[PDB]
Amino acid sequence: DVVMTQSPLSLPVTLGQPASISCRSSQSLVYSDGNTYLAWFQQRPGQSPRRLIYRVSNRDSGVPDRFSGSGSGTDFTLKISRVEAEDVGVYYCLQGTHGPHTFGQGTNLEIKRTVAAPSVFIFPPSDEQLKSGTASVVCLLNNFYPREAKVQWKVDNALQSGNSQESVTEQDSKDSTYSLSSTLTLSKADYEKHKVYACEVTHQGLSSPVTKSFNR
């Protein structure tokens, strides 16, 4: 099968500036009819892929002239003249000249923007959950940038380890931010043995590390 190799693997761009994505095939993409069949797709977070460019340089009907495709033989380039916030996501090239049709591995377009400190929320376990035997404490960080954040759990001022998991959303298509959830999981009995539950957050946007606490 034809190998499609894309570069870069990640591309950080600020809004309004250009971006370039390369794609190489392991064989020429000229078909016997004289046309070259190379398409570019965009996948926005949590959505189906969407066609941008086809036949090397044709723009899809719902795609502005900001996107342009170029190249020949085995070397191809996708260019965005001015990046908008809705351009975030993964971009794939696709050759259709040979069978089977093969996609590239993807290039992640990441939006750089101004620093936004998270809003921090903490939720004690619900009484319905406690009736079942397990306790989940949830810490939430909402609408922050950049993505790097540290969330530490403290139980009666003892630092926790190995009993929490994090989930991070993909960069938002409108404001370009992230949200993050950290969940502390404990048996009910262990939960009822302690008093103060604290979520400590380190982020570049904060004026210093923030702690949100509650007394059981």
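The numbering used is simple: start at 1 and walk along the sequence shown.
**Q** Taking only the CA atoms, which stretch has the higher mean B-factor in the record, 130-138 or 91-99?
**A** The stretch with the larger average C-alpha B-factor is 130-138.
**Q** Look up the CA B-factors in the entry and say which stretch, 115-123 or 67-75, has the higher mean.
**A** It is 67-75.
**Q** Taking the values straight from the PDB record, which of 182, 42, 160, 179 has the highest C-alpha temperature factor?
**A** Highest C-alpha B-factor among the listed options: 160.
**Q** Taking the chain's C-alpha temperature factors as the reference, tell me which third residue 105 falls into: lowest, middle or highest.
**A** For residue 105, the deposited C-alpha B-factor lands in the highest third.
**Q** By its CA B factor, does residue 202 count among the lowest, middle or highest third of the modelled residues in the chain?
**A** According to the entry, residue 202 has a C-alpha B-factor in the chain's lowest third.
**Q** Ranking every modelled residue in this chain by its Cα temperature factor as given in the entry, which third contains residue 154?
**A** Within its chain, residue 154 is a highest-third residue by C-alpha B-factor, going by the deposited values.
**Q** Would you please rank residue 187 by its C-alpha temperature factor against the other modelled residues of its chain and give the third it falls in: lowest, middle or highest?
**A** It belongs to the middle third of the chain when residues are ordered by C-alpha B-factor.
**Q** Comparing residue 147 with the other modelled residues of its chain, is its CA B-factor in the lowest, middle or highest third?
**A** Middle third of the chain for residue 147's C-alpha B-factor.
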